[PDB]
Amino acid sequence: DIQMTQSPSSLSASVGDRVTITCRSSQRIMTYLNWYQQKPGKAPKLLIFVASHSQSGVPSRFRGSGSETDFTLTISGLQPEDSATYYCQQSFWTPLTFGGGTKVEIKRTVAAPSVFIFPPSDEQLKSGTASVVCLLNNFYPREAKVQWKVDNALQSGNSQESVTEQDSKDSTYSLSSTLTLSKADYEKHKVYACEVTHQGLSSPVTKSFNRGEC
Amino acid sequence: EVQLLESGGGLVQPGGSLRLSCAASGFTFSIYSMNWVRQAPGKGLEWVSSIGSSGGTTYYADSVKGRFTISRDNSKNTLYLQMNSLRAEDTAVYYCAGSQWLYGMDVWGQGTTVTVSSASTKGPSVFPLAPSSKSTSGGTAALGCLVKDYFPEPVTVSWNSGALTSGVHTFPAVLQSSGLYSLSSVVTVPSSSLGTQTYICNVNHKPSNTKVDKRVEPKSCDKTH
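(A) Representation of the domain arrangement of chain A within the structure. Residues and elements named next belong to chain A. Taken domain by domain, chain A consists of domain 1 (1-107) and domain 2 (108-211). Taken over both partners, the interface formed by domain 1 and domain 2 buries close to 760 Å², and the fraction arising from carbon and sulfur atoms is 41%. Three residues stand out in domain 1 for area buried against domain 2, namely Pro80, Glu105 and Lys107, and they jointly supply 47% of the buried area on that side. Between the two partners, domain 1 and domain 2, sit 0 salt bridges. If you look at where domain 1 meets domain 2, you find 6 residue pairs in polar contact.

As structure tokens, this is what we get:
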């Protein structure tokens, strides 16, 4: 099999920067190599084919080069919507093989998360398990820590986190921290708070609510 | 438009079968060589099989060789993938991609997800995320939808049935210890319009028949209830 190895595997660049992705084939594939862009969770899209040729409609800032064993994708003037994973795939010989991929993250200024906290719904309180969600919205960088508090008692091991993929417009991230408790354990306490510690926050932000108050 | 639409995926127990179907419209299907390319969760793109435009000339990755059988019906403009003797690693989202000769795959479908597990299907419970009485960041208030206790992936959340896509953040599914998944879908809207606008999350889980439209609304919060 013809083996495709891409470098680097992941990188971070500012809007307007030049990024260069390298693709190497274990055998000579001539010029038949394709670059694919894939936004996270979405379908891949053909960018370059026969290594130098832009697909119709593709932004001109994507430029492929290289031949034989050595190939390069150059993104000139990086744009926010360029946040994605890129793959090279050889068409020269069967079986068709892709590269491992290159994850391109957009580097922007540090942005503080907007924190909202949602009590469990009345309907969920019927299920014997209560979930309270903390929303960290539109922040950079991706690193954050949610400190869950119940009656000021510290909580650990009861929470799970999801983080969205980078936004294609403002290049920010959003995070959700879900605190899972039993209904009886939820009704015994009063104050529920999530303390968010982030680089863009001088001191931690805390959003809180009282169990019965609202 | 140029459309490839995949169907026939879902939950299947290890060792069983399934038939993936891909229908083409808006381009000449007769002259296009069709491909299947899957993506395992967290993994990269993997080419599984492809078929020549004339049909009858097929190729397979050494992974699925002998198990998967690719076919096309040009009268129906449909590409088929028959997946037999499935394993756990075959779990992935499967794309069909059209390509012309060696020029690469220029036409892609939306993808269909194939889950291979011995666990039964389960439908989600959909709970509202009620916006707070203040929620003053400025005019922006946050509200959302909670989708919990379902299996397998994926689930489809829309807000007001595709009418409001702006500010919508639907988080990746978290696998719980119960073996099921959960995720939330949230949106930021003007706080002054909370009482004026009706906000509804439309959740759809294909492995079950579950389709739920949950109206999200604020409450009094003075007396709660």
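(B) Geometry of the state of the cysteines. Inspection of every chain in the model, using the stated rule, returns 5 disulfides over all chains. The disulfide bridge from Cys23(A) ends at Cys88(A), spanning 2.0 Å between sulfur atoms. Residues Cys23(A) and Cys88(A) share a disulfide whose torsion about the S-S bond is about 80 degrees; that sign makes it right-handed. Of this pair, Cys23(A) sits in strand β3 (residues 19-25) while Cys88(A) sits in strand β9 (residues 84-90), placing them 65 residues apart in sequence. Overall, the relative accessible area of 0% leaves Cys23(A) in the buried class. Disulfide partner of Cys22(B): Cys96(B), at an S-S distance of 2.0 Å.

Conventions and cut-offs
- Residue indices run from 1 on each chain, following the sequence as it is written; they may not match the entry's numbering, and residues absent from the coordinates are omitted.
- For this description, chains carry letters from A and ligands carry numbers from 1, given in the order in which they are written.
- Hydrogens and water are ignored here; the side-chain numbers use all heavy atoms of the structure.
- An automatic or database domain assignment provides the domain bounds reported here.
- A simple way to read buried area is as the amount of 1.4 Å-probe accessible surface that goes missing from two parts once joined, with both sides added.
- Salt bridges are identified by distance alone: a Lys or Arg side-chain nitrogen within 4 Å of an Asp or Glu carboxyl oxygen.
- In the analysis that follows, any N or O atom pair within 3.5 Å is treated as a polar contact, provided that within protein one partner can donate a hydrogen and the other can accept it, and provided that, for residues neighboring in sequence, both atoms belong to side chains.
- Note on terminology: disulfide denotes any pair of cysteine sulfur atoms within 2.5 Å.
- The helix and strand labels rest on DSSP assignments: H or I over at least four residues marks a helix, E over at least two residues marks a strand, and numbering proceeds from the N terminus.
- Any residue under 20% of the maximum accessible area for its type is buried, any over 50% is exposed, and the rest in between are partly exposed; the area is computed with a 1.4 Å probe on protein chains only.

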